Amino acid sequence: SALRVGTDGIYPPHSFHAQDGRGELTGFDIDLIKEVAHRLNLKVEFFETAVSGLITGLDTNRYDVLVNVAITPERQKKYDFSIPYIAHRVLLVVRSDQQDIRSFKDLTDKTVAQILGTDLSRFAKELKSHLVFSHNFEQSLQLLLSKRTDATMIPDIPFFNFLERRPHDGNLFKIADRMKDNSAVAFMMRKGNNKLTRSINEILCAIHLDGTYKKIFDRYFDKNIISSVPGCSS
C-alpha cells in the first residue's frame, strides 16, 4: 500500500516543486521520506496542504506522516514522533536598517510576519506583537524586505536557503537574536501508530549507516552551517 505524507510544497529547501514550481515535489524532507518508504517497500502519496492545516489534516486522517515537524512537549503528548533527523535554530531576522529590535522580548508592539497556524505565530501573539500572517517563509521575508513588517522569527534552514537563492536580497537582513538551543525536527504521526514509527526509526538508522543520509543532507544543506543529529551504530 501507499505511505500518505502531508506537506506544503512551497517551503524550499524542505518541500518545493522543481523547475520553479512547475515540476515534481522535491527537497530535503521529501527525498528523505521517499527513501524511508522505498526501503520500507512502500509507494509515497503526497497530500499538499497549507501549513495551517497540516496537523489538522493528520488528525483528520487524510495522511499518515508529516515531514519537518519540530518536537514540542504538547506535540509529543498528542502524537507519535520518529527519532529526530535534523535540527534547526530559530532566528529573529530584521532588516539591516532596524535599530530598536535586539531580542525576542523587543518584539512586543512590533509588527511581525509569521506563518498562520504555527507555534512561532503563537509565540509572536504571546509577545503581544502585531501579527501579519504570511503563507510561507518566502512571503515572511518578502514582507520584511518591503518594510510591511519589522521582523520575522524563522529557522536557520529556510533563511539561509533564501540567501542562497537570492544573494542580492539578504546582506539586507540581519539576525537580531537567536534561541539558545537548536530544535529537534522529526516525522510526526498519529498517536498509537507505533509500528510505522518503529519502522521509520530503523530505516533512518540504516540511512545514517550506509551513507544515504549524508548524501541527502549534502544535496541541500551546508554542513558548516546546518546542524545535523547524532549518527547511529552498527
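Each form is matched to the other, and the largest set of C-alpha atoms that superpose within 1.5 Å is called the rigid core. In this text, residue numbers run from 1 along the sequence as written.
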Aligning on the core, I want to see which stretch wanders more in 4 other deposited structures of this protein. Is it 125-133 or 81-89 by C-alpha RMS? 125-133
Looking at C-alpha RMS in 4 other deposited structures of this protein with the core superposed, is it 112-120 or 150-158 that drifts more? 112-120
Per the entry, where is the mean C-alpha temperature factor higher: 72-80 or 159-167? 159-167
Going by the entry, of stretches 99-107 and 117-125 the one with greater average Cα B-factor is 99-107
Check the PDB entry and point out which of 61, 52, 26, 183 has the largest C-alpha temperature factor. 52
Ranking every modelled residue in this chain by its Cα temperature factor as given in the entry, which third contains residue 214? highest
Chain-relative C-alpha B factor for residue 188 (record values, thirds): the lowest
Temperature factor at the Cα of residue 140, chain-ranked in thirds, falls in the lowest
Relative to the other modelled residues of the same chain, rank the CA B-factor of residue 179 and answer lowest, middle or highest third. middle
Chain-relative CA temperature factor third for residue 66: lowest
